[PDB]
Structures are given as C-alpha cells and as structure tokens.
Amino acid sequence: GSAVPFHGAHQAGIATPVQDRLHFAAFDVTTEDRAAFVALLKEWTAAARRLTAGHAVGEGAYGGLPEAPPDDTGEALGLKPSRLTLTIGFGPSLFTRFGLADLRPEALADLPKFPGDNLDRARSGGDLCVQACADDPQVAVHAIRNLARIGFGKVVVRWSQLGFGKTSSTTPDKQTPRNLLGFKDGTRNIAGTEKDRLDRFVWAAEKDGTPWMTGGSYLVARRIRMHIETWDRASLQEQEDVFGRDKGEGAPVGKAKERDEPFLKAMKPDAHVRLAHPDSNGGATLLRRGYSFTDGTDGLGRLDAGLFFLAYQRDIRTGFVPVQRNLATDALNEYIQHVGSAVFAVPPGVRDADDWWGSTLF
C-alpha cells in the first residue's frame, strides 16, 4: 500500500516491482502551441507528484467553491497510494510537431511488418502515452481520468487498455505470475536490482547519440489476442512443447526447478523459449512488463482473452525487433495474433520538485 518515489534519474514504473493492475492510455495531441503543450507537461507533473503520494490533485476533491467543479474527481479519496507509478512516453508521430523533427531518436524505430500481424489502426500508435500501474485498479483509473481531464483541449485519448493482472516480474525473489495460457511468465527477465543489466539493456546512454534521452528507455507495446479455444483443446504435451518448459513447475524441459538454466538443445527447434532466448539472438535481452486482459466476449460464444505485451529496451533496433524477427517460426504463433502496436520514447526521470516531464526535450 506504500508509495513508490516519483523523483529519480529514471522514471518509476520500469524497474519498479510489477504492480497488480494496469491502465495504459495513449493520447493524441490537439494543440499547435508549443508553449501550451509545455505548460500541460508541467501541470501534469505536478498532478503526478500528488497522485503518486496519494493526495488529491489541485485544491482537492471537495471544500472548494460550491459553484465550481472540484479539482480532483474524488473517487480515490481515502485510498492509499497503492504503489502507483506513472510513466510517460513520446510517440514518433509527436516529433512532427512543435519543430521536434531533428530531435527524434534513432533508436525510436518504426517497427517493420511482421508475419501474422493483424494490427487495428484505431488501437495503435499515439503521440504519447501514460502507463499507470498500481495494486488498486480504482487508483490507476483515477490517475488516468484526472490527467485526461487536466489536458482537455490539448490532448485526447486515442485508445486505452486495462490489464487486470500482471504477467511479468522484476523481482525474481517473489512468485512468478501466470498468463492466461496457464504458464509462469517472467522467470528469465531483468530484475530491478541487476543494475549492470539495466544499464546494458534498458537505459539509454549519452553515447547512444541522443543526449536528451540519456536515462530514459524505449517501449514497445503489442496487444496480443490468444486463441484460447484452440489452446484449451491442445494436449498437455503439446502445450509444454510449445514453450520448452513444463506447466506445473515451469522448469526448462528436463530440469527440476523453475529457475534452473534452460538447456536449449533439449527443446524443440521452434519452442518459444529457445527462439526468444538471448543466446539465440546474439545477446538481445528485454525487460518484459506486460499484463493480461479480457474485454468481454467475442460475440461467438467465447471469452475474449489476451496479453498486453510491454517491453522496455535501450534501443528498439537491438531489443524487440531481432527477438520478434526470430519468432517468425515460433510454435506459439499457432495460438496468438498481434492486433495492436505502438512504440514510445520514455524520457529520463523527473530529477526533483523543480523538474518536469520532458524537460530535457523541451
């Protein structure tokens, strides 16, 4: 129920331990006024300082002038901060505005078309995004709602996604959660304490060639539908072959414990873990931080389930792209379909109370 510090060299919500709930919103910008947008970024930062500490935005949720609408919408009154983090990112489309063209990072690469892609253009892209994570879904929703409210007339929500439960882990000392296929998801990830691996694989560095991004990261979001009818009639051996780990313990095939190291030669050549593993991709490593979702029925008598996949990396060209290219023959492809996509540059952290989101860009 505690708070996660908001200030830092990096934004919270990446190496932070993975909270139970997600509310992710992508915003489109609707103002041409650079100064207006900078003022928005500063107002948003002030709101975020309150929200992550469990305080109401502005003058609060009541006790103001009767004839005026309250500053804070109020549905989080009395709740703890609940480990709320708020992480902002900038989409490639943003750099066509406010004369930012020359400032677009090289590592903010557009993704190529991948085989099997069925991307819904409505639930894709976006000028910027805010990832709200908390252990309380009301806390996460209240944050997105109030950021959207403050930005009325300068940004509009393009699409959003709620994740009802995590399918990732940055804390290998706690239980690994399971995705909706029933497998543990997050065993071999980067941990928030492996400072060296975060510097190597996650945080942009000055020498990478975009100085304002130093201390930030790059995010890939992929909305992935799961064919659960198909999966649920597959044999247990089939399910375990697809991944290369057994379902119960989550151990690599042939080994006894979840965290024993995989021996890749023992897995099928098209097993997911075998193809995604750093050793199969020249060392490419990702920080996965995704969440499961279900959005009702599919109108055909079935539950509609999926995984909202989020990966942070130092450079999209050396993280997500090579691994996803190596997944072209993945046995998992039979059971999933990518239906939404977006990339964002996640700027460095807000260094102190006089700093603000995006200060190093603007």
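Take the two forms, superpose them, and find the largest set of C-alpha atoms that agree within 1.5 Å; that set is the rigid core. Start at 1 with the first residue shown and count on from there.
Stretch comparison, 78 to 86 versus 159 to 167: after rigid core superposition, larger RMS CA deviation in 7 other deposited structures of this protein is found for 159 to 167. After superposition on the rigid core, the larger root-mean-square Cα deviation in 7 other deposited structures of this protein belongs to 298 to 306, not to the other of 58 to 66 and 298 to 306. Mean CA B-factor, 77 to 85 versus 106 to 114: the higher value falls on 106 to 114.
For the pair 281 to 289 and 178 to 186, the record assigns the higher mean C-alpha temperature factor to 281 to 289. For the set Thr45, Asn333, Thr52, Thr294, the PDB entry puts the maximum C-alpha B factor at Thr294. You'll see in the entry that, of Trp231, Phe95, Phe243, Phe164, the Cα B factor peaks at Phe95. In this PDB entry, the Cα temperature factor of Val323 sits in the middle third of its chain's modelled residues. Sorting the modelled residues of the chain by their CA temperature factor places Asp199 in the highest third. Remark: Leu65 belongs to the highest third of its chain, ranked by C-alpha B-factor as recorded.
Ranked within its chain, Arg223 lands in the middle third, by CA B factor from the PDB record. In the deposited entry, the Cα temperature factor of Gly209 places it in the highest third of its chain's modelled residues.
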